Structure formats: structure tokens, C-alpha cells
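Residue numbers (full-length UniProt numbering), protein chains in the order written: chain A, 27 to 55; chain B, 60 to 117; chain C, 328 to 380; chain D, 98 to 145. Beta carbons are placed, not taken as given, at the ideal position from N, Cα and C, and that holds for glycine. One structure below.
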């Protein structure tokens, strides 16, 4: 069951990192 | 640099075993012990790392 | 009565069990990583290892 | 032009010394993050 929690948390960090792409829009502004 | 990467990227696979408290509760155990271990064991299993907070600061 | 008669866990007998749990914790937390010894001399890394806990 | 010790503005990269050194000084800093989390989770309650 811990593996299920591992995968879920694993994808969270990915989405949180890809959010850095939003920071790029800040520069354009 | 390579050590830190290998250190952080080391994979952990040990087949975390499942605990059947009912089996131990039945065969033999100290009254209140098998239950006290289960309730206390389960409490810590709920706790988990907060990957979100770290993802933002980095 | 057999609950206690059959298994008469004494205070010191259960005490030893509790010490193992505490000993397991201190070993798990205080366990610091073992990287290149003579290369991890940075002020930050050595500071972290001291306060590893 | 203010915070780089170089004898010329014609920067020529022929080694990755300055690059890897700044990476180990950065990625290492974030060590103990998980062990620190274990302290809180494990210091929460005693299994016994």
C-alpha cells in the first residue's frame, strides 16, 4: 500500500515543478 | 556531484511486509499488547512526507 | 488469571522491550549518510551532520 | 561586471570546475530534508 502512496506523492512533486513554467510567464510580463 | 545524485536516486525495494494483527492476536499475545501495537502502529503509518512544500521552495 | 500467570511479563522484562524501541529510533535518526569522507568538508554539510539528529 | 572575479570580459569555458562546485554547494544543502521529516514523524509518538 505504501507504494500506492509513493506513486501519488511522486506525481505531486512533478506537477509542482512543472508549475515553474508559470514563473516564465512572469518574466514576459 | 555524482555521489549526491546516486545517494538521492538510490532505489529502495524490500517488499514491505503486511502485518496481520489478527493472527498474532489469536495464536498468543499479552492482553492489550497486540491491540496497543496495532493502534500505535497504524497511527504512524498515516504520517507521510509533504512533497508539496519542498517542491515549491526548491 | 491465565492471562498473567501464563505470561508474567516483569517490569524489567518489558523495560528491555521499550529500550529496544528507543534504541531503534536513535539509530534510525542519528544514522548519517556515508559519502566521500575527506571531500565533504564544506561548512554547510558539516554543519548539517552535526545537527543531523 | 561587479560580482565575478575574472581578468577579462571574454569568458571562455574550458572546464566545469566552477559549474560542478556550485552544484554540490547547492544540491547538498538540501540534504537532511527527509531525515528531518523523520524526526517529526517519529518523535510524534512511541510505538512500544
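Review point. Would you call the stretch 337 to 345 of chain C and the stretch 62 to 76 of chain B in contact, with 3 or more CB pairs under 8 Å?
Key: These segments do not touch.
Check your understanding: Hey, out of C:328, C:333, C:375, C:351, whose CA is closest to residue 127 of chain D's CA?
Key -> C:375
Practice item. State yes or no: is the C-beta of residue 103 of chain B within less than 8 Å of the C-beta of residue 117 of chain D? Key: no
Point to revise | Sub-8 Å separation of residue 31 of chain A and residue 70 of chain B beta-carbons | key: no
Practice item. Could you have a look at residue 117 of chain B and say whether DSSP puts it in helix, strand or coil? Key: coil
Exercise for review: Would you tell me roughly how many angstroms separate the C-alpha atoms of residue 378 of chain C and residue 369 of chain C, rounded to the nearest one?
Suggested key: 14 Å
Check your understanding: residue 136 of chain D CB to nearest chain C CB: under 8 Å?
Key -> yes
Exercise for review: Determine contact between the stretch 352 to 369 of chain C and the stretch 129 to 140 of chain D, defined as no fewer than three beta-carbon pairs at a distance below 8 Å.
Suggested key: yes
Exercise for review: Anything in chain A within Cβ reach of residue 110 of chain B, meaning under 8 Å, just list it in chain order.
Suggested key: Residue 110 of chain B reaches chain A at 35, 36, 38, 39, 42, counting residues in chain order whose Cβ is nearer than 8 Å.
Check your understanding: Which chain B residues are close to residue 144 of chain D, counting only those with a beta carbon under 8 Å from its beta carbon?
Key -> Chain B residues near residue 144 of chain D: 96, 99, 100, 103.
Check your understanding: Counting Cβ pairs closer than 8 Å, one from the stretch 108 to 117 of chain B and one from the stretch 38 to 53 of chain A, do we hit at least three?
Key -> Note that the stretch 108 to 117 of chain B touches the stretch 38 to 53 of chain A; at least 3 beta-carbon pairs, one per stretch, sit closer than 8 Å.
Exercise for review: Give me the Cβ distance between residue 144 of chain D and residue 99 of chain B, rounded to the nearest whole Å; I'm assuming they're in contact under 8 Å.
Suggested key: 5 Å
Practice item. Using alpha carbons as the reference points, say which of B:93, B:73, B:105, B:89 lies closest to residue 81 of chain B. Key: Nearest option by C-alpha distance: B:93.
Point to revise | Length of the line joining the Cα atoms of residue 372 of chain C and residue 83 of chain B | key: 45 Å
**Study point:** Contact with chain C by residue 132 of chain D, beta-carbon distance below 8 Å
**Key:** Using a CB distance cut-off of 8 Å, residue 132 of chain D counts as an interface residue toward chain C.
Check your understanding: Are the beta-carbon atoms of residue 28 of chain A and residue 75 of chain B separated by less than 8 Å?
Key -> Less than 8 Å divides the Cβ of residue 28 of chain A from the Cβ of residue 75 of chain B.
Check your understanding: DSSP three-state call for residue 140 of chain D: helix, strand or coil?
Key -> In the three-state reduction of the DSSP assignment, residue 140 of chain D falls in the helix class.
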